[PDB]
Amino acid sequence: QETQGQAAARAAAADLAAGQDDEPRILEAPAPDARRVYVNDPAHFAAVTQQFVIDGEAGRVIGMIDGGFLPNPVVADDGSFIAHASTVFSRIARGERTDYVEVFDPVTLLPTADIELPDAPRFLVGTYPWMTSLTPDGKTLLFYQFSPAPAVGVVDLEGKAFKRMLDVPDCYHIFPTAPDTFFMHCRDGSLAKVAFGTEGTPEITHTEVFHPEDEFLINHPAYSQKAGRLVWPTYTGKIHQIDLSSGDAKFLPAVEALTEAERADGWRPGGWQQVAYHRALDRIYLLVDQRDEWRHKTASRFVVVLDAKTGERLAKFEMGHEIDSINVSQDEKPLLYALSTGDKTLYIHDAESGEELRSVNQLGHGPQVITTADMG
């Protein structure tokens, strides 16, 4: 029951009593592990922002990283570094824009690379985890550009250099599948496969249109790069599952997250990161509550957990708080992270049972995005 602060008071009292000396210094974060979790606070569009590095087990802040305007955090699944595409201005929110990528050592949190992105090319939007993405080999970072038109930038983290922009058609998001390949989602309801070599137009292949004009897919799908599984909820909780483990898009059976009676009685997904996917457990997690059709970004009080294969509900948790974003650790016996923008608190739940274990409050101004490494 003793809190982290109280244990700390006792160790300190005892050192003073034992006359134990210790050198004031810069701590190293504990080695990255499965229970590390990263909360990004886009701070309701503030010109600078924070990332919180959290030990999920202890419910303790173990570090922080500063960022600029609407930065896109990325975490290497293997735990060897974290990075972000970020954006600063020479006079707070005004003057010369510098978009840049920084890579960080995940224990000292020091930057290891600072890679300028020419011609201010970042897409500036409410944080969508999959608008910037690491390729599987961590050697490349791909960020989305919207203006003047959809495009994707290719950043070499190995040579620490920006390479070029890829011209693409009218599509969105970036799901890397390989050192030279990623899929995007298009306005026509196809996926586009983009294969980039070193030179020239990439080679672009469309899948079949897989949803209509008036099926609406959220801005925050779950995507497990190691599992190749793109998990895509729509506004009504229809969940598209695309398997990309072969190099080409295999469409899975589309599944439903709420029941026809729940849907009839106004159960809808809603929030920010509405969906988590646990890779080993093959399990979709979805934030839902009773809401109007157009209250789809509001917090939810409940999480439903369904088998990705069958589509059967495995649990429903009453989260006991207004939750905007969820994610899960990728270890066995996973934590379910429930982030409340309003409370600025990460509620860390046992993902199997939904009981609140611990929470970390005071996480910025309007934290939204939870990231975890998938380390095994």
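Note that residue numbering follows the sequence shown and begins at 1. In this text, the rigid core denotes the largest set of C-alpha atoms whose superposition between the two forms falls within 1.5 Å.
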Completion exercise
With the rigid core as the fit reference, the stretch showing the greater C-alpha departure in 8 other deposited structures of this protein, 182 to 190 or 197 to 205, is 197 to 205
Fill in the blank from the handout: Mean Cα B-factor check, 232 to 240 vs 137 to 145, entry values; winner is 232 to 240
Fill in the blank from the handout: Taking the deposited Cα B-factors and averaging over 329 to 337 and over 61 to 69, the higher mean is found in 329 to 337
Fill in the blank from the handout: Residue set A120, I284, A85, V125, per-entry CA B-factor max assigned to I284
Practice task
Choose from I115, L109, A151, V255 the residue with the greatest Cα B-factor as stated in the PDB record.
Solution key: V255
Exercise for the section: Going by the recorded CA B-factors, say which third of the chain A8 sits in, lowest, middle or highest. Expected result: lowest
Completion exercise
Quick tally, chain-level thirds of C-alpha B-factors: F216 sits in the highest
Problem - Third assignment of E199 from its chain's C-alpha B-factors - result: highest
Practice task
Rank-wise, by C-alpha B-factor, drop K316 into the lowest, middle or highest third of its chain.
Solution key: highest
Handout entry: Modelled-residue ranking by C-alpha temperature factor, third containing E23
Key = lowest
